[PDB]
$ cat upload-v2.txt   # compact mmCIF, C-alpha atoms
# COMPACT_ATOMS: atom_id res chain seq x y z
CA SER A 1 21.91 -77.77 -50.59
CA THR A 2 23.46 -75.77 -53.40
CA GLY A 3 22.83 -75.04 -57.06
CA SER A 4 25.03 -73.86 -59.91
CA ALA A 5 23.86 -72.83 -63.38
CA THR A 6 25.58 -71.28 -66.37
CA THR A 7 24.20 -67.98 -67.63
CA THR A 8 24.72 -67.07 -71.29
CA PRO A 9 24.49 -63.73 -73.14
CA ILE A 10 21.50 -63.57 -75.46
CA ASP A 11 23.43 -61.73 -78.19
CA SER A 12 26.84 -60.36 -79.13
CA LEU A 13 26.33 -57.21 -77.03
CA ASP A 14 25.46 -58.91 -73.72
CA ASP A 15 22.05 -57.21 -73.82
CA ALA A 16 20.83 -59.74 -71.25
CA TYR A 17 21.71 -63.18 -69.93
CA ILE A 18 19.62 -66.36 -69.92
CA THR A 19 19.87 -69.25 -67.48
CA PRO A 20 18.11 -72.61 -67.97
CA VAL A 21 15.43 -73.40 -65.37
CA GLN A 22 13.53 -76.67 -64.97
CA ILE A 23 9.82 -76.25 -64.23
CA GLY A 24 7.31 -79.02 -63.56
CA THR A 25 7.20 -82.80 -63.81
CA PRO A 26 8.47 -84.01 -66.20
CA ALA A 27 10.80 -81.02 -66.39
CA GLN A 28 10.09 -78.26 -68.89
CA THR A 29 13.30 -76.28 -69.40
CA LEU A 30 12.87 -72.56 -70.04
CA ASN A 31 15.63 -69.97 -70.44
CA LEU A 32 14.93 -67.22 -67.92
CA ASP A 33 16.42 -63.79 -67.32
CA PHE A 34 17.61 -63.77 -63.70
CA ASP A 35 16.72 -60.30 -62.44
CA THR A 36 17.99 -59.03 -59.07
CA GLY A 37 15.87 -55.91 -59.69
CA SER A 38 12.46 -57.61 -59.55
CA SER A 39 10.71 -60.33 -57.59
CA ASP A 40 8.39 -62.26 -59.93
CA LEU A 41 9.16 -65.58 -61.60
CA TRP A 42 7.03 -65.39 -64.74
CA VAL A 43 7.04 -67.41 -67.94
CA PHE A 44 5.68 -67.52 -71.43
CA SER A 45 3.06 -70.25 -71.32
CA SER A 46 0.30 -72.14 -73.08
CA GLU A 47 -1.94 -69.34 -71.74
CA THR A 48 -0.04 -66.52 -73.44
CA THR A 49 -2.01 -64.76 -76.18
CA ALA A 50 -0.87 -66.59 -79.30
CA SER A 51 -0.04 -63.46 -81.31
CA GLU A 52 2.31 -62.39 -78.50
CA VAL A 53 4.44 -65.56 -78.71
CA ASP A 54 7.19 -65.50 -81.35
CA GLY A 55 9.77 -68.23 -80.85
CA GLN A 56 9.84 -68.49 -77.05
CA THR A 57 9.66 -71.80 -75.26
CA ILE A 58 6.42 -72.02 -73.28
CA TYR A 59 5.48 -73.61 -69.97
CA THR A 60 2.38 -75.80 -70.27
CA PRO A 61 1.05 -76.41 -66.75
CA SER A 62 -1.47 -79.01 -67.93
CA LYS A 63 1.48 -81.26 -68.85
CA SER A 64 3.06 -81.00 -65.38
CA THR A 65 1.79 -83.50 -62.82
CA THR A 66 3.02 -81.24 -60.01
CA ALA A 67 1.42 -78.00 -61.23
CA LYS A 68 -1.48 -76.60 -59.21
CA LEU A 69 -3.48 -73.50 -60.03
CA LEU A 70 -3.08 -70.93 -57.26
CA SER A 71 -6.77 -70.16 -57.10
CA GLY A 72 -7.71 -66.52 -57.54
CA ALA A 73 -4.13 -65.30 -57.86
CA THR A 74 -3.15 -62.84 -60.57
CA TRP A 75 -0.05 -60.81 -61.30
CA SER A 76 0.86 -57.75 -63.33
CA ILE A 77 4.25 -56.08 -63.59
CA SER A 78 5.75 -53.07 -65.34
CA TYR A 79 9.51 -52.69 -65.69
CA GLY A 80 11.72 -49.62 -65.78
CA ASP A 81 12.16 -49.99 -69.55
CA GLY A 82 8.41 -49.65 -70.13
CA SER A 83 7.78 -53.35 -70.79
CA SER A 84 5.09 -55.29 -68.95
CA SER A 85 3.38 -58.65 -68.55
CA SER A 86 0.49 -60.15 -66.58
CA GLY A 87 -1.43 -63.35 -65.97
CA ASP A 88 -2.38 -66.02 -63.44
CA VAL A 89 -0.35 -68.24 -61.13
CA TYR A 90 0.53 -71.89 -60.61
CA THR A 91 2.67 -73.52 -57.99
CA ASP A 92 5.11 -76.11 -59.29
CA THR A 93 8.55 -77.61 -58.76
CA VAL A 94 11.35 -75.37 -59.99
CA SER A 95 15.01 -76.36 -60.20
CA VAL A 96 18.04 -74.21 -60.99
CA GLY A 97 21.40 -75.86 -61.46
CA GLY A 98 20.43 -78.85 -59.33
CA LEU A 99 18.72 -76.85 -56.54
CA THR A 100 15.02 -77.69 -56.24
CA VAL A 101 12.15 -75.73 -54.71
CA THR A 102 8.74 -77.34 -54.43
CA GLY A 103 5.65 -75.16 -54.39
CA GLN A 104 7.30 -72.22 -56.15
CA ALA A 105 4.91 -69.64 -57.56
CA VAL A 106 5.26 -69.78 -61.34
CA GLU A 107 3.47 -66.79 -62.83
CA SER A 108 1.98 -67.74 -66.18
CA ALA A 109 1.73 -64.90 -68.69
CA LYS A 110 -1.57 -64.29 -70.40
CA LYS A 111 -0.27 -61.02 -71.88
CA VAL A 112 3.22 -59.69 -72.58
CA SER A 113 4.27 -56.38 -74.10
CA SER A 114 5.87 -56.09 -77.51
CA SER A 115 9.49 -56.05 -76.35
CA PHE A 116 9.06 -59.47 -74.74
CA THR A 117 7.37 -60.90 -77.85
CA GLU A 118 10.14 -59.50 -80.03
CA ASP A 119 12.88 -61.20 -77.98
CA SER A 120 12.68 -64.87 -78.86
CA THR A 121 15.61 -65.77 -76.58
CA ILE A 122 13.98 -64.89 -73.21
CA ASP A 123 11.26 -67.28 -72.02
CA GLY A 124 10.51 -65.29 -68.86
CA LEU A 125 12.10 -63.73 -65.80
CA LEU A 126 13.27 -65.13 -62.47
CA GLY A 127 13.20 -62.34 -59.89
CA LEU A 128 15.87 -62.22 -57.19
CA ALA A 129 15.07 -58.91 -55.46
CA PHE A 130 13.22 -58.97 -52.14
CA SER A 131 9.85 -60.69 -51.99
CA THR A 132 8.17 -57.47 -50.81
CA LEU A 133 8.19 -56.42 -54.51
CA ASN A 134 6.36 -59.53 -55.73
CA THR A 135 3.21 -58.50 -57.62
CA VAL A 136 0.97 -61.54 -57.01
CA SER A 137 -2.45 -60.57 -55.65
CA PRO A 138 -4.21 -61.09 -53.31
CA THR A 139 -1.50 -63.22 -51.65
CA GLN A 140 2.05 -62.05 -52.34
CA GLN A 141 4.45 -64.86 -53.24
CA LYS A 142 8.10 -65.55 -52.41
CA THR A 143 11.02 -65.54 -54.81
CA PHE A 144 12.90 -68.71 -55.69
CA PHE A 145 15.78 -67.58 -53.47
CA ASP A 146 13.50 -66.79 -50.52
CA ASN A 147 11.93 -70.25 -50.82
CA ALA A 148 15.31 -72.00 -51.14
CA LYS A 149 17.17 -69.98 -48.51
CA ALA A 150 16.58 -72.12 -45.43
CA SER A 151 17.75 -75.26 -47.27
CA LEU A 152 20.93 -73.69 -48.65
CA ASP A 153 24.33 -74.38 -47.12
CA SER A 154 24.71 -70.60 -46.75
CA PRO A 155 21.90 -68.06 -47.40
CA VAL A 156 23.56 -66.48 -50.43
CA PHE A 157 23.61 -66.45 -54.18
CA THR A 158 26.35 -65.13 -56.45
CA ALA A 159 26.35 -63.53 -59.89
CA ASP A 160 29.43 -64.00 -62.07
CA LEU A 161 28.43 -62.54 -65.43
CA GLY A 162 30.76 -62.83 -68.40
CA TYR A 163 31.87 -60.20 -70.88
CA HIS A 164 30.90 -61.59 -74.28
CA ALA A 165 31.02 -65.03 -72.66
CA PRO A 166 29.02 -67.30 -70.37
CA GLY A 167 29.12 -66.94 -66.61
CA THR A 168 27.57 -68.50 -63.52
CA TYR A 169 24.82 -68.10 -60.94
CA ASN A 170 25.54 -70.08 -57.77
CA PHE A 171 23.13 -70.65 -54.88
CA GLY A 172 24.18 -71.54 -51.36
CA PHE A 173 27.96 -71.25 -51.61
CA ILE A 174 30.77 -68.90 -52.58
CA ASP A 175 33.18 -70.35 -55.18
CA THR A 176 36.51 -69.11 -53.86
CA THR A 177 38.17 -69.99 -57.20
CA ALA A 178 35.93 -67.59 -59.14
CA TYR A 179 37.46 -64.27 -58.03
CA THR A 180 40.80 -62.67 -57.24
CA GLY A 181 41.77 -60.98 -54.01
CA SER A 182 39.12 -60.60 -51.33
CA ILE A 183 35.39 -59.90 -51.34
CA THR A 184 34.48 -56.48 -49.94
CA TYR A 185 31.07 -56.46 -48.30
CA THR A 186 28.91 -53.35 -48.09
CA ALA A 187 25.61 -52.50 -46.42
CA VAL A 188 22.24 -52.98 -48.12
CA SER A 189 18.96 -51.14 -47.62
CA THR A 190 15.89 -53.26 -48.36
CA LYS A 191 13.49 -50.33 -47.88
CA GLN A 192 12.66 -50.17 -51.61
CA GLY A 193 12.78 -53.95 -52.11
CA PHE A 194 16.08 -53.81 -54.01
CA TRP A 195 19.68 -54.79 -53.35
CA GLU A 196 20.37 -51.11 -52.70
CA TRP A 197 23.83 -50.01 -51.60
CA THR A 198 26.11 -46.96 -51.63
CA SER A 199 29.22 -46.86 -53.80
CA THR A 200 32.07 -44.79 -52.39
CA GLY A 201 32.99 -43.03 -55.64
CA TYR A 202 34.42 -43.38 -59.10
CA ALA A 203 37.30 -42.76 -61.45
CA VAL A 204 37.44 -42.31 -65.23
CA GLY A 205 40.29 -44.08 -66.99
CA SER A 206 43.59 -43.41 -65.24
CA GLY A 207 42.15 -40.33 -63.53
CA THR A 208 42.04 -39.68 -59.82
CA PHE A 209 39.35 -41.32 -57.73
CA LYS A 210 36.49 -39.02 -56.70
CA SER A 211 35.17 -39.91 -53.25
CA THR A 212 31.41 -39.41 -53.35
CA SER A 213 28.46 -41.47 -52.17
CA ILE A 214 26.38 -42.99 -54.98
CA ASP A 215 23.28 -44.85 -53.82
CA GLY A 216 22.08 -47.40 -56.34
CA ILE A 217 20.85 -50.93 -56.93
CA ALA A 218 22.66 -54.09 -58.03
CA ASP A 219 20.39 -55.13 -60.92
CA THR A 220 21.29 -58.08 -63.14
CA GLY A 221 18.15 -57.46 -65.19
CA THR A 222 19.31 -54.03 -66.42
CA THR A 223 21.85 -54.02 -69.25
CA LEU A 224 23.64 -50.72 -68.66
CA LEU A 225 25.17 -48.64 -65.86
CA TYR A 226 22.93 -45.68 -64.95
CA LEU A 227 24.59 -43.00 -62.79
CA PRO A 228 24.10 -39.33 -61.92
CA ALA A 229 24.40 -36.89 -64.80
CA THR A 230 27.53 -35.30 -63.31
CA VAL A 231 29.36 -38.64 -63.23
CA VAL A 232 28.22 -39.65 -66.71
CA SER A 233 29.25 -36.28 -68.18
CA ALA A 234 32.69 -36.63 -66.62
CA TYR A 235 33.07 -40.06 -68.24
CA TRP A 236 31.97 -39.11 -71.75
CA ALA A 237 34.00 -35.88 -71.71
CA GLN A 238 37.04 -38.17 -72.03
CA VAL A 239 35.80 -39.60 -75.35
CA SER A 240 36.39 -37.38 -78.39
CA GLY A 241 33.13 -36.76 -80.21
CA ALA A 242 30.85 -38.28 -77.59
CA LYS A 243 27.59 -36.46 -76.99
CA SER A 244 24.19 -36.94 -75.46
CA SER A 245 21.61 -37.43 -78.20
CA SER A 246 17.97 -36.73 -77.34
CA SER A 247 16.87 -38.44 -80.56
CA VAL A 248 18.80 -41.64 -79.84
CA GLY A 249 18.04 -41.57 -76.11
CA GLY A 250 21.42 -41.20 -74.45
CA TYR A 251 25.13 -40.80 -74.92
CA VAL A 252 26.57 -41.92 -78.23
CA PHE A 253 30.18 -41.93 -79.33
CA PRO A 254 32.18 -42.52 -82.52
CA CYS A 255 32.52 -46.23 -83.15
CA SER A 256 36.19 -45.54 -83.97
CA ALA A 257 36.88 -44.51 -80.35
CA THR A 258 38.85 -46.45 -77.77
CA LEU A 259 36.85 -46.06 -74.56
CA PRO A 260 38.43 -45.42 -71.15
CA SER A 261 37.75 -47.69 -68.22
CA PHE A 262 35.40 -46.72 -65.40
CA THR A 263 36.14 -47.54 -61.76
CA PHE A 264 33.56 -47.67 -58.98
CA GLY A 265 34.22 -47.86 -55.26
CA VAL A 266 33.00 -50.57 -52.90
CA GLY A 267 34.12 -49.39 -49.48
CA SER A 268 37.87 -48.95 -49.81
CA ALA A 269 37.98 -51.44 -52.71
CA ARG A 270 37.75 -50.63 -56.41
CA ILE A 271 36.08 -52.44 -59.31
CA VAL A 272 37.41 -51.56 -62.77
CA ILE A 273 35.07 -51.78 -65.77
CA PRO A 274 37.26 -52.05 -68.90
CA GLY A 275 36.45 -49.59 -71.66
CA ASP A 276 35.35 -52.32 -74.05
CA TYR A 277 32.53 -53.27 -71.66
CA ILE A 278 31.03 -49.79 -72.26
CA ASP A 279 30.65 -50.26 -76.04
CA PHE A 280 27.11 -51.25 -77.09
CA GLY A 281 27.76 -51.00 -80.79
CA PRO A 282 26.14 -49.10 -83.64
CA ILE A 283 22.91 -47.30 -82.86
CA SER A 284 21.45 -48.84 -86.03
CA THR A 285 22.93 -51.37 -88.39
CA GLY A 286 25.86 -49.91 -90.30
CA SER A 287 26.01 -46.65 -88.35
CA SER A 288 29.34 -45.25 -87.19
CA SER A 289 27.63 -43.82 -84.09
CA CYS A 290 27.84 -46.27 -81.18
CA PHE A 291 25.68 -46.44 -78.06
CA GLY A 292 27.31 -45.91 -74.68
CA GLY A 293 27.09 -48.36 -71.81
CA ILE A 294 27.16 -45.67 -69.12
CA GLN A 295 24.05 -43.48 -69.19
CA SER A 296 22.39 -40.89 -67.00
CA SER A 297 19.95 -41.99 -64.31
CA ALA A 298 18.44 -38.50 -64.13
CA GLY A 299 15.13 -39.62 -65.65
CA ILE A 300 14.87 -42.85 -63.63
CA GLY A 301 14.86 -41.77 -59.99
CA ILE A 302 17.48 -44.33 -58.95
CA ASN A 303 21.02 -45.21 -59.95
CA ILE A 304 21.37 -48.70 -61.41
CA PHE A 305 24.49 -50.87 -61.29
CA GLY A 306 23.39 -53.05 -64.19
CA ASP A 307 25.23 -55.70 -66.15
CA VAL A 308 27.95 -53.31 -67.42
CA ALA A 309 29.09 -52.87 -63.83
CA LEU A 310 28.24 -56.26 -62.39
CA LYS A 311 30.01 -58.26 -65.12
CA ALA A 312 33.30 -56.64 -64.04
CA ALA A 313 32.93 -58.28 -60.60
CA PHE A 314 32.11 -61.42 -58.70
CA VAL A 315 29.01 -60.33 -56.78
CA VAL A 316 27.66 -61.89 -53.58
CA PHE A 317 23.99 -61.35 -52.73
CA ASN A 318 24.06 -62.18 -49.03
CA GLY A 319 20.56 -62.98 -47.78
CA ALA A 320 21.48 -63.34 -44.12
CA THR A 321 19.14 -61.83 -41.53
CA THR A 322 20.74 -58.46 -42.30
CA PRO A 323 21.44 -58.65 -46.05
CA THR A 324 24.69 -57.32 -47.52
CA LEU A 325 26.38 -57.22 -50.92
CA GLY A 326 29.91 -58.38 -51.67
CA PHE A 327 32.09 -57.43 -54.62
CA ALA A 328 35.39 -58.94 -55.73
CA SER A 329 37.53 -58.42 -58.80
CA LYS A 330 37.97 -61.44 -61.04

$ encode --input "upload-v2.txt" --output "structure tokens"
Amino acid sequence: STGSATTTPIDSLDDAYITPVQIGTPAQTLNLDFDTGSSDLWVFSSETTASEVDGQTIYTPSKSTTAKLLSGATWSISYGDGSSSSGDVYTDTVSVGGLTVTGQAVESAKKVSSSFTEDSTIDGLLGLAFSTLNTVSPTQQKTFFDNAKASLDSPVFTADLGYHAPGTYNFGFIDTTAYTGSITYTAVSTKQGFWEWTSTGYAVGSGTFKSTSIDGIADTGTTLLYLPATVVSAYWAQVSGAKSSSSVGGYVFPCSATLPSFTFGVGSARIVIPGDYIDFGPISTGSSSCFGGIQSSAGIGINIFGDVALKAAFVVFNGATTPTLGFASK
């Protein structure tokens, strides 16, 4: 089997991407944030504290003839941005782009933190990291991809995120029309539960490539590109007036600037992030200070190849017995 679904930016900045997902019988379609950095499929629901729902579409398990309470199971998750959610668990039928999994754990939110409530466009998350990170207790549950894998034509999914435009998540096949050149595959460590890999270096604009190993994670659920402070300083030094602002929370730059590109290495191959992809717009409405899309990872503990990087590539998440990642230009 295969599936193919369009993913759409939630706003004009590409702050996140939503993909429609069918849950239950009859189908209830929710727009979920596909997150290769986490491993829970959780949704706003009829169980979510009413004051914490503000415009989201909810899953109502009592209206699904295939929903079953997973007795005794609870979940609770905290994300790198400080947001969180928790609740109980159903199993139900879940379809993405024509690919169907029966008995998928659908984690129903009883509580969500303010940033989820405040984002009316995201009805939940669909985790695509390794199932070892799934938070369901006392019986850990499998991701949608893990459950689908054996049925897929090939045990892979691909992320093709757009810049200021829709893109595609495919399951079970590699669309050879969706990228240019060849796909360069690189090793993955699953020891932390992430799609963790080592970039071979970087360049800023037209500058020379610096060969240096940068371990980080391919994370569709993180907006920006988080890299070591040395790398980030080298990038922003090429932008007149750019500075790191403690009060804003990262590098800012004059909105009048033209940003240089940023290149990252995948083996001997190179992925070029155009400068425009690094512009996240005014820090507050009407400001002439703009927020940068490349930020320091120093306070995180891990480097994160988030959407800013991934949207410049066609990315293969290869879930073969030994997982690997593939990157192609497009």

$ closest_residue --input "upload-v2.txt" --among "A:207, A:193, A:24, A:167" --to "residue A:61" --atoms "only C-alpha atoms"
A:24

$ residues_around --input "upload-v2.txt" --residues "stretch 237-251 of chain A" --least-positions-apart "4" --cutoff "10 Å" --atoms "only C-alpha atoms" --output "list in words"
residues 204, 205, 232, 233, 255, 256, 257, 258, 259, 260, 283, 284, 289, 290, 291, 292, 293, 294, 295 and 296 of chain A

$ closest_atom_pairs --input "upload-v2.txt" --of "stretch 44-145 of chain A" --to "stretch 299-320 of chain A" --cutoff "12 Å" --atoms "all atoms listed in the file" --output "JSON lines"
{"residue": "A:79", "atom": "CA", "partner": "A:300", "partner_atom": "CA", "distance": 11.4}
{"residue": "A:80", "atom": "CA", "partner": "A:300", "partner_atom": "CA", "distance": 7.8}
{"residue": "A:81", "atom": "CA", "partner": "A:300", "partner_atom": "CA", "distance": 9.7}
{"residue": "A:82", "atom": "CA", "partner": "A:300", "partner_atom": "CA", "distance": 11.4}
{"residue": "A:128", "atom": "CA", "partner": "A:317", "partner_atom": "CA", "distance": 9.3}
{"residue": "A:129", "atom": "CA", "partner": "A:317", "partner_atom": "CA", "distance": 9.6}
{"residue": "A:130", "atom": "CA", "partner": "A:319", "partner_atom": "CA", "distance": 9.4}
{"residue": "A:131", "atom": "CA", "partner": "A:319", "partner_atom": "CA", "distance": 11.7}
{"residue": "A:145", "atom": "CA", "partner": "A:319", "partner_atom": "CA", "distance": 8.7}

$ closest_residue --input "upload-v2.txt" --among "A:201, A:254, A:172, A:20" --to "residue A:156" --atoms "all atoms listed in the file"
A:172

$ closest_residue --input "upload-v2.txt" --among "A:76, A:39, A:100, A:324" --to "residue A:198" --atoms "only C-alpha atoms"
A:324

$ residues_around --input "upload-v2.txt" --residues "residue A:71" --least-positions-apart "2" --cutoff "9 Å" --atoms "all atoms listed in the file" --output "PyMOL selection string"
chain A and resi 68-69+73-74+88-90

$ write_last_selection --input "upload-v2.txt" --atoms "C-alpha atoms" --output "short mmCIF file (atom, residue, chain, number, x, y, z; two decimals), keeping the file's coordinate frame"
data_model
loop_
_atom_site.label_atom_id
_atom_site.label_comp_id
_atom_site.auth_asym_id
_atom_site.auth_seq_id
_atom_site.Cartn_x
_atom_site.Cartn_y
_atom_site.Cartn_z
CA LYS A 68 -1.48 -76.60 -59.21
CA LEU A 69 -3.48 -73.50 -60.03
CA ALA A 73 -4.13 -65.30 -57.86
CA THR A 74 -3.15 -62.84 -60.57
CA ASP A 88 -2.38 -66.02 -63.44
CA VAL A 89 -0.35 -68.24 -61.13
CA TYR A 90 0.53 -71.89 -60.61
#

$ residues_around --input "upload-v2.txt" --residues "stretch 103-114 of chain A" --least-positions-apart "6" --cutoff "9 Å" --atoms "only C-alpha atoms" --output "PyMOL selection string"
chain A and resi 23+40-49+52-53+59+61+66-68+70+74-76+82-94+124+136+141-144+147

$ closest_residue --input "upload-v2.txt" --among "A:252, A:13, A:165, A:50" --to "residue A:288" --atoms "only C-alpha atoms"
A:252

$ atom_distance --input "upload-v2.txt" --atom1 "atom CA of residue A:218" --atom2 "atom CA of residue A:58"
28.6 Å

$ atom_distance --input "upload-v2.txt" --atom1 "atom CA of residue A:200" --atom2 "atom CA of residue A:265"
4.7 Å

$ decode --input "upload-v2.txt" --residues "stretch 4-31 of chain A" --atoms "N, CA and C atoms" --output "short mmCIF file (atom, residue, chain, number, x, y, z; two decimals), in the first residue's frame"
data_model
loop_
_atom_site.label_atom_id
_atom_site.label_comp_id
_atom_site.auth_asym_id
_atom_site.auth_seq_id
_atom_site.Cartn_x
_atom_site.Cartn_y
_atom_site.Cartn_z
N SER A 4 -0.62 9.29 0.17
CA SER A 4 -0.07 10.57 -0.28
C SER A 4 -1.03 11.67 0.16
N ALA A 5 -0.53 12.63 0.93
CA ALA A 5 -1.36 13.71 1.45
C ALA A 5 -0.64 15.04 1.29
N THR A 6 -1.41 16.06 0.96
CA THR A 6 -0.87 17.41 0.87
C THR A 6 -0.75 18.01 2.26
N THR A 7 0.36 18.70 2.50
CA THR A 7 0.60 19.42 3.74
C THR A 7 0.67 20.91 3.42
N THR A 8 0.04 21.74 4.26
CA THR A 8 -0.21 23.14 3.95
C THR A 8 0.32 24.02 5.08
N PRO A 9 1.06 25.09 4.78
CA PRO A 9 1.47 26.00 5.86
C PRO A 9 0.27 26.60 6.58
N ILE A 10 0.41 26.77 7.90
CA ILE A 10 -0.69 27.29 8.70
C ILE A 10 -0.82 28.80 8.59
N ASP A 11 0.22 29.48 8.12
CA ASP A 11 0.24 30.93 8.06
C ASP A 11 1.28 31.35 7.02
N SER A 12 1.40 32.66 6.84
CA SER A 12 2.22 33.23 5.78
C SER A 12 3.71 33.08 6.04
N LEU A 13 4.09 32.63 7.23
CA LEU A 13 5.49 32.46 7.60
C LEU A 13 5.94 31.01 7.57
N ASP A 14 5.05 30.08 7.25
CA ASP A 14 5.37 28.66 7.35
C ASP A 14 5.74 28.28 8.79
N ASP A 15 4.99 28.79 9.76
CA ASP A 15 5.32 28.47 11.15
C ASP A 15 5.14 26.98 11.44
N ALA A 16 4.25 26.32 10.73
CA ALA A 16 4.05 24.89 10.85
C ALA A 16 3.23 24.50 9.64
N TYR A 17 3.05 23.20 9.47
CA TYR A 17 2.31 22.63 8.35
C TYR A 17 1.25 21.68 8.89
N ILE A 18 0.07 21.70 8.28
CA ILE A 18 -1.02 20.81 8.67
C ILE A 18 -1.39 19.90 7.51
N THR A 19 -1.73 18.66 7.87
CA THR A 19 -2.05 17.61 6.92
C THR A 19 -3.37 16.99 7.36
N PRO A 20 -4.35 16.85 6.47
CA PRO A 20 -5.62 16.26 6.88
C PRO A 20 -5.48 14.77 7.15
N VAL A 21 -6.13 14.31 8.22
CA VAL A 21 -6.08 12.93 8.69
C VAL A 21 -7.51 12.51 9.01
N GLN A 22 -7.91 11.34 8.50
CA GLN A 22 -9.23 10.78 8.77
C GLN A 22 -9.15 9.84 9.96
N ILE A 23 -9.99 10.07 10.96
CA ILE A 23 -10.02 9.28 12.18
C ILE A 23 -11.44 8.78 12.40
N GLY A 24 -11.59 7.47 12.61
CA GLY A 24 -12.87 6.93 13.02
C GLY A 24 -13.79 6.58 11.87
N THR A 25 -14.99 6.11 12.26
CA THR A 25 -16.01 5.65 11.33
C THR A 25 -17.37 6.17 11.80
N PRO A 26 -18.07 7.00 11.02
CA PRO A 26 -17.59 7.63 9.79
C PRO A 26 -16.37 8.51 10.06
N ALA A 27 -15.63 8.84 9.01
CA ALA A 27 -14.40 9.60 9.18
C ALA A 27 -14.67 10.94 9.84
N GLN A 28 -13.79 11.32 10.75
CA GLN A 28 -13.68 12.67 11.28
C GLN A 28 -12.33 13.19 10.81
N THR A 29 -12.33 14.26 10.02
CA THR A 29 -11.10 14.77 9.44
C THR A 29 -10.57 15.88 10.34
N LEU A 30 -9.36 15.68 10.84
CA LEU A 30 -8.64 16.66 11.63
C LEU A 30 -7.35 17.03 10.92
N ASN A 31 -6.91 18.28 11.11
CA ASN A 31 -5.69 18.77 10.48
C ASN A 31 -4.56 18.69 11.50
#
